[PDB]
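The structure appears right after this line, and notes come after that.
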There are 2 protein chains.
Amino acid sequence: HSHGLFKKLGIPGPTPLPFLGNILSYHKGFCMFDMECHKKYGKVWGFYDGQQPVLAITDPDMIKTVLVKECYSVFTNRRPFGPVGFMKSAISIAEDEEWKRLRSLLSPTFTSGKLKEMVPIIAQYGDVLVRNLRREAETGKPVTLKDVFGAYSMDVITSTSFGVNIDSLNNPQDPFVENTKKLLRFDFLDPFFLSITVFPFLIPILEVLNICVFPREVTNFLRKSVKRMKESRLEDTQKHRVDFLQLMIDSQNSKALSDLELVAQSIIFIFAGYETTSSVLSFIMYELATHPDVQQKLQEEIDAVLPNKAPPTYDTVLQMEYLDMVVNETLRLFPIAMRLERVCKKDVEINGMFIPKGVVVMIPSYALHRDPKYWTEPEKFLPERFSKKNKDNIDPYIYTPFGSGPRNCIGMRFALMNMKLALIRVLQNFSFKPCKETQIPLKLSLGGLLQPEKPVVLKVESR
Amino acid sequence: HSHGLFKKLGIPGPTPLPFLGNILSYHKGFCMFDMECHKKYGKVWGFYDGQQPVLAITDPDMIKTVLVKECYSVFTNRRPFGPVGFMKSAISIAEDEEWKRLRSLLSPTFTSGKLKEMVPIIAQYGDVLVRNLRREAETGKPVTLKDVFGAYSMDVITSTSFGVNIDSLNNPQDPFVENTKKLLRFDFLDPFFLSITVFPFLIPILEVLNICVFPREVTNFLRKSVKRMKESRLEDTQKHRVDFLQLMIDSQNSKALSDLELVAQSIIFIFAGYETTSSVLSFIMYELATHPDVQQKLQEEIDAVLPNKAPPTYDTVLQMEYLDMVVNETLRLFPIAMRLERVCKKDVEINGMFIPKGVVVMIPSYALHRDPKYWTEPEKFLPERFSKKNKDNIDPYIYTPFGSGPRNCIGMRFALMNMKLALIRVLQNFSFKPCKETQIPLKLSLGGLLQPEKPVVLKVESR
Ligand SMILES: CC(C)c1nc(CN(C)C(=O)N[C@H](C(=O)N[C@@H](Cc2ccccc2)C[C@H](O)[C@H](Cc2ccccc2)NC(=O)OCc2cncs2)C(C)C)cs1
Ligand SMILES: CC(C)c1nc(CN(C)C(=O)N[C@H](C(=O)N[C@@H](Cc2ccccc2)C[C@H](O)[C@H](Cc2ccccc2)NC(=O)OCc2cncs2)C(C)C)cs1
Ligand code: HEM
Ligand code: HEM
């Protein structure tokens, strides 16, 4: 029984139960579990996900070692998370040289030049969003911001990546949004995902049964969508710009990117660009609404840089320090990650401490983001933390909302800009106010993914 | 999750953990678990073996109902205990009409007439045992009684059932004993049996992999042993007597008993007649040695009925009240059963209480045997409890060392006599004394089967 390993290495931790490990402790959300474990254990601890030994680490240097120094040699892959099917070839799930080949190929997608060619493309979509909101602005009833941001983010990602205008904004009952949000119902009171975290030995078996954590009732829709919208649809080059679709087409003809492998990456992009982007935007608006001085101070920058509702540009976006601070701050309090993780591929002693092969190393981002060692009054939302005159007191290995090292978020620059353009255009025309149903203080979901327990509703007013 | 059933019926019990149920409580042996649950819960309680709801019952009337009144209609089978292979056809494992057909056929094996024809057959074996013990009597060093009783019991059962003299007594390194004791290594610190009690949904899968809880490295030896010792070995009838082997041969020719089905029953008989018989005999000798007045009072009866070491007979055995009392008493304190169990086949309300389909009903014999409600000073060994003048204060449904109703021990009369003849012949020539390594007070095995934690060693002296 691999359960005696952490006591056998002198590493502290909560007592494992047979078979379950410590999974019962996720009863109050694992973020809480992490915070407790930090308070009580220190720099370093160990616990079990079923039989799977995880090792939490909090030392900055040790974190840098793992994420950056030894990524290529030792800590190269994340943990396998369940029965995955064809999606084994998605970049974020892919391991070692198959991942590195995919990384190398998709790296060029998000260069400042490729990015600045999206500035005008999104610009046209920000106009549609503005208009959508003005419609509810005129009505004056609570908005579920994920709905409006969702379709926005979907329209943005679909056009930037493939060239296709699916027009999600002008479509409430939209198949592309409706299918994509059903993709991961991750939940521990959901008897399925619990059981593969506990019992991952059933994984090999479910693969052979073509069972995915992804409803095939989704992946088939997305498979058919991308199927010939790559093929007979994009043909005569025609208006062909910077689209990752082509970058995967262009590097198929004259190494070698398969067809199902192509669909697989697209799904990663569609999901990231929809769910992640829209969740964060919803989190910032909640903060800006529960903090009006912050919302105003921002609206002032927005007009100070773009004189009286002027159209945003690449260079214009980067200039705005306070807008970057507001985004960074929300991401401090609401990390979509909530844990960074790497599988130990061979044996190592990192900075005077030994990790055996097969162990999962886990950085508890959520916890470290709220640690009194690094953060003054870490509970409070304080954008001023990220000002030019305070960001040196910030440790680059305690604050990583995008991960770090060679496996960090490939989408960082895209999402930052995409989110900011959305914000600018929105605050440039509207102000946001608390509602009667607005969950204050907002509690997070007890289960898996970082989401509100109650969906975010707020009042919208034009200026 | 079937875990809310017992609170949903208003039936008390220890709080189930997800997946595990209450199995963690078997940490101190389930007998202890039962006693606690009795003390604290009362007449009736519920707990979970994994997802499997067990219901413990202690009411005499309710017990009689289950074992006797509703056996045929409702409580007909025991629980499936793991991957079983060809042994699915063994009588004790067999369900419903397939079991009833087998019962009906093997019932006649143990009639007083069939039994009295074994009296002279065992008589010859008791002579060999006596001699074996006299050899260690002359040496004067601690005896492991299971060794001597084992070979005795093996010789008895093999000759009575098949007609074959395998001569286990005159053979230390005997394949028949050495293979048979490896048949069930039942244990909870044994990671295998634990996991199928918890996770019996893996059973269907292991069957298809020809995995038995019985080492095939045993069943193949026993399969080949019985294989042609039935066939070309027993041919010209020749000396053919009362042997169950023939009773299964005789009712194959001119319903219909298969060949692998034949081997299956034999294994049940060989095991019962070896392990059960020899364990009890070891338990009585421990009691008789830790209680010399009891050993003497018995030796007096033995000679009072059989004048100066006379040869025992059927009728002679039955007469001896005190010998029956000593056997009954040891069986009160050391039930080889330790729980009686039945699967609820359809819905029922037994005496004003409702049981849903699929629930296991369990009588906690070990516990009830040591209950102050029925037994004075139940901890103490007191044969006098079973005297003609006290046995009315004994409830036939609290004391069932052989089970009750149509599924009770088919071997009851055989084992009683076989054990008694062994005892008579032994005490008729020897006295038994505590040793320096004799575990006092003797503790039972924490795990599954009723066995000593330490093997029983005692000193033997001739008279
Ligand atoms: C006990 C343990 C298994 C648990 N972890 C969590 C939450 N945490 C911390 C995770 O790392 N959860 C994992 C995850 O999403 N890993 C991801 C890397 C990551 C980690 C944290 C934050 C951002 C990206 C890596 C996986 O390949 C996922 C799986 C996936 C694929 C398609 C659609 C949805 C999801 N693919 C992603 O690339 O998601 C798209 C994203 C892009 N950018 C941010 S998310 C999986 C186990 C779900 C809940 S339970
Ligand atoms: C949680 C639960 C599953 C557990 N129970 C126990 C102990 N108790 C109480 C049992 O009932 N244990 C069960 C058992 O042996 N059942 C038995 C009926 C019984 C019950 C109690 C006392 C005497 C006979 C019924 C099963 O068919 C066994 C299995 C077997 C087959 C060949 C060789 C060895 C074993 N077959 C028997 O007929 O054993 C031979 C015997 C004949 N007479 C007494 S034992 C199995 C689950 C092992 C440990 S863990
Ligand atoms: C605010 C929005 C986003 C946040 C906070 C975010 C955050 C992260 C984080 C924390 C990781 C894991 C890094 C690590 O383990 O070290 C990650 C991985 C990744 N993200 Fe994002 N992300 C966002 C948006 C996007 C977008 C828009 C895309 C592209 C469509 C994207 C694509 C990816 C990919 C492909 C990976 C896997 C990297 C690899 O394994 O090579 N993300 N993201
Ligand atoms: C002291 C010795 C023995 C004891 C205490 C004993 C006890 C028991 C008990 C308690 C049961 C279960 C009854 C129930 O669930 O109600 C049982 C079943 C059984 N015993 Fe025994 N037994 C002994 C010896 C033997 C012998 C020698 C044989 C035959 C070789 C035998 C054959 C069986 C069989 C076949 C069953 C299953 C009955 C059925 O399902 O039809 N036992 N025994």
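We name chains A, B, ... following the order of the structure tokens; residues begin at 1 in each chain, and ligands are numbered from 1 as shown.
Selecting all polymer residues at most 7 Å from ligand 2, using only C-alpha atoms and all ligand atoms, gives residues 49, 81, 92, 93, 183, 184, 197, 267, 268, 269, 271, 272, 276, 336, 337, 338, 339, 340, 341, 409, 411, 448 and 449 of chain B.
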Print the selection's residues with C-alpha atoms to a file, as a compact mmCIF listing (two decimals), in the first residue's frame.
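Listed below is the output, selection.txt:
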# COMPACT_ATOMS: atom_id res chain seq x y z
CA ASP B 49 -20.73 -3.47 3.72
CA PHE B 81 -19.06 -13.84 -1.22
CA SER B 92 -23.83 -24.09 0.43
CA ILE B 93 -23.24 -21.48 -2.31
CA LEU B 183 -8.33 -23.20 0.38
CA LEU B 184 -9.54 -20.04 2.16
CA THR B 197 -16.65 -7.26 0.56
CA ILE B 267 -14.82 -30.07 -1.73
CA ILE B 268 -17.50 -28.62 0.60
CA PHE B 269 -17.54 -31.95 2.49
CA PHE B 271 -13.35 -28.79 3.95
CA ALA B 272 -16.17 -28.98 6.49
CA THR B 276 -14.48 -27.12 11.07
CA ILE B 336 -17.52 -21.25 13.93
CA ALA B 337 -20.38 -19.37 12.28
CA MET B 338 -20.02 -16.03 14.18
CA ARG B 339 -22.87 -14.66 12.01
CA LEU B 340 -25.87 -16.27 10.32
CA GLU B 341 -26.98 -14.49 7.10
CA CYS B 409 -25.85 -27.55 8.93
CA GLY B 411 -23.38 -32.18 8.89
CA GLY B 448 -12.18 -13.27 9.13
CA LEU B 449 -12.42 -16.93 10.20
Just want the 12 Å neighbourhood of residue 206 (chain B), counted on only C-alpha atoms, with same-chain residues fewer than 6 positions away dropped. Output as a PyMOL selection string. chain B and resi 82-85+192+196+199-200+212-213
Here is a test: counting only C-alpha atoms and all ligand atoms, which residue of A:432, A:99, A:354, A:125 is nearest to ligand 1?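 Going through A:432, A:99, A:354, A:125 one by one, the smallest distance to ligand 1 is for A:99.
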Restricting the calculation to only C-alpha atoms, which member of A:88, A:7, A:27, A:342 is positioned closest to chain B? A:27
Quick one: which residues from chain A are at most 10 Å off chain B, using only C-alpha atoms, as a compact mmCIF listing (two decimals) with C-alpha atoms, in the first residue's frame?
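Dumped to out-v9.txt:
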# COMPACT_ATOMS: atom_id res chain seq x y z
CA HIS A 1 0.00 0.00 0.00
CA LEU A 17 -8.04 6.53 4.88
CA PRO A 18 -7.76 3.16 3.08
CA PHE A 19 -8.82 3.42 -0.60
CA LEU A 20 -10.21 6.96 -0.22
CA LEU A 24 -13.29 13.01 1.98
CA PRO A 191 -20.66 10.62 -8.53
CA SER A 195 -14.81 8.08 -8.59
Residue with the minimum atom-to-atom distance to ligand 3, picked from A:335, A:441, A:356, A:312 with only C-alpha atoms and all ligand atoms counted, is A:335
